[PDB]
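Chains as they are written, first to last, in this note's numbering: chain A, 1 to 369; chain B, 1001 to 1369. Positions of the beta carbon are idealized from the N, C-alpha and C atoms, including for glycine.
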Ligand SMILES: CN(C)CCSCc1cc(N)cc2c(=O)[nH]c(N)nc12
Ligand SMILES: CN(C)CCSCc1cc(N)cc2c(=O)[nH]c(N)nc12
Ligand SMILES: [Zn+2]
Ligand SMILES: [Zn+2]
């Protein structure tokens, strides 16, 4: 296959469905990327992740540069070989999380490990290098976190810095032969909720040129209405012939709405994180399996779900497992949830290909809520 | 198949290898039974347990009578259906653990739940009933725990009580039509380390008549030498044409030695428990994967092991996972360890069938240590 090739097969309104061809495999869009925090999709073997339908996973950079270490993973053969996943892997730049889980300057960010307190410097150049050492297929540009709420000037400065960092990410990426020829680079749009800033960011990104464009700075507490409002005018600013990636957005209803507004890629820990809290997704809305009303419920988590969990075990059993704090509980809940998400993406892709996505969205919401 | 049929195909010294035919399947002996504490073999799907080679698992009665509840499991269709394991399941009587994890009388034992402090009474009659409600294939007689060390009189009294309880277990079991016709009953020998008491217990048990005989009261802190000493004269006291079950014994070297002394069945949490502590079994002895020397070791846990874990992941990866406290770490370590144990039982069975077990034991110990 080629290094990177995105083609759109069908459209409906702002929605698109197509594929991204990469050396390690094909990615069907809109796509949902399970998240791999510590070089592992929480409680699942790679084969199980793949069995649910995932074509690509997100590698958690922040934790990996610390715990095992980028250099160590490279010595060991790279992330794909290390964890046993031979398909595409997208890695975030790490900077954002650092400014969450610090001394920030125009050159990067200095911080102390949340594990052993060690000091570390992370710059656009170092982020690209780390993602290269990890063997990432889709590399994210190193950007700066914009607090929410954010004033116009504060949002502008941070966005302007991110654009300067984007150019540096681009060059660092292109200066590394092996990486520029086998991996792809995604730029990240910033600008908070301000249209003029989003437009400036988009033009700067397009001027630099990337393989994909992400809408960053959202899902930071602005509520769905505001997020959708921002997506309405933000996504159209991005090049139409390249993938549109909404970072950190995963609630089913968020995904459906984001796709209606032109988003092609998603990632969220919610599926796996909710795979211990007791939250299981169903087409009739989410349920907390720990609730007493499920103690003797013999039905599967979801009446229609096709995943292996819904074929073999009952809510009553999973209920017991979660309340007993058993590992198998997390395993089954996580497999189901991730399978549910992939099934959601499949229905979205099919409905768009068949020109009935808008109706699907309406039917989905009516029942889900 | 029949309700219960044990036949010996080969022998060598006191060692035997054969099969136990039961309605839900065949059990190859000597056999190792993975332990299922809360209606789940820790961190493994039933299919994975079976894939490692296990023909039967041990259902943890104590925890089940409390957490989900015997009556509830029966209402839900029984343990096999509940957890997704359709093969034989052996259940302990619960009494022993109660006197561990209390008011004791000739009628049974009164205790407070280690979960919510609730009060509960457990008698021979109630234990048999609970195992019936769980749908157990091999039911253990309700016996009394004999402290260690134990004086002759204290050991005699407790043993005499256990024998009275064994008769009651037998009758309660036979009075329940469905259970007596589809399940088997195992009596448990007691008597601490005293030969005369072990002989009395054995004669009483044989007088009552059971489908199998367990050597209880061992592995309570007496050390391997003493345990083996007790097994030397204890096992021969048991009927030769019925299975000999050593409860709570699982270290590889213990198993090999016990088989040389006539034991056909084993169970131990060590395999799974050591599947979080970082202990992985190898033919060169156990290793603690958390040790720094494994951080960049690309070799599998064991150079010869045939399990799926050793085919796909490295020590370095499992090392990272365990130190990061990831669930997958426990999953992989547990699958390997249980697979290692089943491989051990296979080698023992084959070596006996081929009349070279004694040599295998010698070769095993030389390398393992
Ligand atoms: C723990 N995860 C849920 C979050 C990991 S960081 C992923 C992430 C999430 C969100 N909401 C916005 C952004 C953004 O604007 N830039 C970058 N680089 N990453 C982001
Ligand atoms: C937690 N497990 C390791 C132990 C569960 S109790 C199993 C168990 C273990 C041992 N060592 C001896 C005996 C015994 O003499 N009688 C009974 N009924 N059970 C026993
Ligand atoms: Zn499901
Ligand atoms: Zn192995």
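The beta carbons of residue 19 of chain A and residue 10 of chain A sit no closer together than 7 Å.
Considering only beta carbons, no part of the segment 1098 to 1132 of chain B lies closer than 7 Å to chain A.
Judged by the Cβ position, residue 1309 of chain B qualifies as a neighbour of ligand 4 at the 6 Å threshold, a heavy atom of the ligand being closer than this. Using a cutoff of 6 Å, the CB of residue 1336 of chain B counts as near ligand 4, since one of the ligand's heavy atoms is closer than that.
DSSP places residue 138 of chain A within a strand segment (E or B) once states are collapsed to three. Comparing alpha carbon positions, the residue from B/1319, B/1327, B/1141, B/1210 closest to residue 82 of chain A is B/1319. If you draw a 10 Å sphere on the C-beta of residue 174 of chain A, you find fewer than 16 other C-beta atoms in it, and that means exposed.
Using a 10 angstroms sphere on the CB of residue 261 of chain A, the tally of other CB atoms reaches 16 or more, which defines it as buried. Three or more beta-carbon pairs drawn from the segment 261 to 273 of chain A and the segment 28 to 40 of chain A are found closer than 8 Å, and the two stretches are therefore classed as touching. Taking all protein chains shown into account, residue 30 of chain A has 16 or more neighbouring C-beta atoms within 10 Å of its C-beta and is therefore buried. Classified as buried, residue 15 of chain A has 16 or more neighbouring CB atoms from the shown chains inside 10 Å of its CB.
Looking from the CA of residue 1075 of chain B, the closest CA among A/288, A/296, A/171 belongs to A/296. Beta-bridge pairing by DSSP links residue 1112 of chain B to B/1119. In the assembly as shown, residue 116 of chain A is an exposed residue. Its beta-carbon has fewer than 16 other beta-carbons within 10 Å. Each residue's CA atom was taken as its position, placing residue 1332 of chain B and residue 246 of chain A some 33 Å apart. Residues of chain B with a Cβ closer than 8 Å to the Cβ of residue 72 of chain A are, in chain order, 1295, 1296.
Bounds of any beta strand (DSSP E) do not take in residue 1289 of chain B, whose DSSP letter is neither H nor E.
Annotated three-state conformation of residue 1328 of chain B is helix, per DSSP. Taking a Cβ-Cβ threshold of 7 Å, the residues of chain A close to residue 1083 of chain B are 317, in chain order. If the five residues before and after residue 1276 of chain B are omitted, its C-beta is found closer than 6 Å to the C-beta atoms of 1330, all from its own chain and listed in chain order.
The nearest non-hydrogen atom of ligand 2 is less than 6 Å from the C-beta of residue 1219 of chain B. Per DSSP, reduced to three states, the secondary structure at residue 100 of chain A is coil, with no helix or strand assignment.
Sequence-distant Cβ neighbours of residue 278 of chain A in its own chain, meaning closer than 6 Å and more than five residues away, are 288, 289, 290, 322.
Within the chosen limit of 6 Å, ligand 3 reaches the beta carbon of residue 339 of chain A through at least one heavy atom. Contacts between residue 326 of chain A and chain B, judged by CB atoms closer than 7 Å, involve 1038, 1040 in chain order. Secondary structure at residue 258 of chain A: helix, using DSSP grouped into helix, strand and coil. Scanning A/316, A/39, A/303, A/171 for the CA closest to the CA of residue 59 of chain A turns up A/39.
In the three-state scheme derived from DSSP, where H, G and I count as helix and E and B as strand, residue 276 of chain A is classed as helix.
Taking 8 Å as the upper bound for CB-CB distance, residue 1191 of chain B and residue 1214 of chain B are not in contact here, some 13 Å apart.
For residue 1068 of chain B, the C-beta contacts it makes with chain A under 7 Å involve 320, in order along the chain. For the options A/62, A/159, A/84, the alpha carbon positioned closest to that of residue 126 of chain A is the one of A/62.
Here the C-alpha atom of residue 1292 of chain B lies approximately 12 Å from the C-alpha atom of residue 1317 of chain B. In the three-state DSSP reduction, residue 1322 of chain B falls in the helix class (H, G or I). Residue 1237 of chain B sits close to residue 1202 of chain B, with the two beta carbons spaced by under 7 Å.
Under a criterion of Cβ atoms nearer than 9 Å, no residue of chain B is adjacent to residue 299 of chain A; the nearest Cβ is some 12 Å distant. A contact between stretches requires three or more CB pairs, one per stretch, nearer than 8 Å, and the segment 1138 to 1151 of chain B meets this requirement with the segment 1167 to 1181 of chain B.
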